[PDB]
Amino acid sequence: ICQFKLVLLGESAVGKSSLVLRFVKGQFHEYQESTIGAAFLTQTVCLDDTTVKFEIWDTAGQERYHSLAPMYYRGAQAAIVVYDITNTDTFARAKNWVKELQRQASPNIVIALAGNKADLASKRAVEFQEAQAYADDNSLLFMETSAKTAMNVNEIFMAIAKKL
């Protein structure tokens, strides 16, 4: 049995709450309310002979809550920095979340990068290749996801668990 602390960070509206909701409850709400501060959820999965329990901190992406982020990532063993593939700005913002983690978070924290809303292919702004190269250059576990279709949602959390 294993337990890990996980934190989600990213610009507001990229889909952090939706990703957690899909993984923890298998639900997706087209009408999701912006998070105020942070929400907490847990999920237990079966991973190669080991039962892993995830303690997830879903932070509010709005800038006015930025100063509170350390409270959630300081003791985190893993982080998922989320961006919206349809918005280049959210990708740039995700890079700064990564820089912050790499500089102020645990030196041994596993950092994942999630290009969310990948189901909106006809509105893509960030090419998969660019995000992959960025992730490879910064040693980030990258995956394009979709809380809406569930694409790679379970996969990203599981890949993180395997590396912990």
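Counting begins at 1, following the sequence as shown.
A.B. asks: On average, are the C-alpha B-factors higher in 59-67 or in 119-127?
C.D. replies: Taking the mean B-factor of the alpha carbons in each, 59-67 is higher.
A.B. asks: Per the entry, where is the mean C-alpha temperature factor higher: 87-95 or 71-79?
C.D. replies: According to the PDB entry, the answer is 71-79.
A.B. asks: According to the Cα B-factor stored in this entry, which of the following is highest: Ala133, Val52, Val110, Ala114?
C.D. replies: Largest recorded C-alpha B-factor: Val52.
A.B. asks: Rank-wise, by C-alpha B-factor, drop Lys16 into the lowest, middle or highest third of its chain.
C.D. replies: CA B-factor rank for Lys16: lowest third.
A.B. asks: Within this chain, which third does the Cα B-factor at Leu6 fall in: lowest, middle or highest?
C.D. replies: Within its chain, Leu6 is a middle-third residue by C-alpha B-factor, going by the deposited values.
A.B. asks: Looking at the C-alpha B-factor of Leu164, is it in the lowest, middle or highest third of its chain?
C.D. replies: For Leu164, the deposited C-alpha B-factor lands in the highest third.
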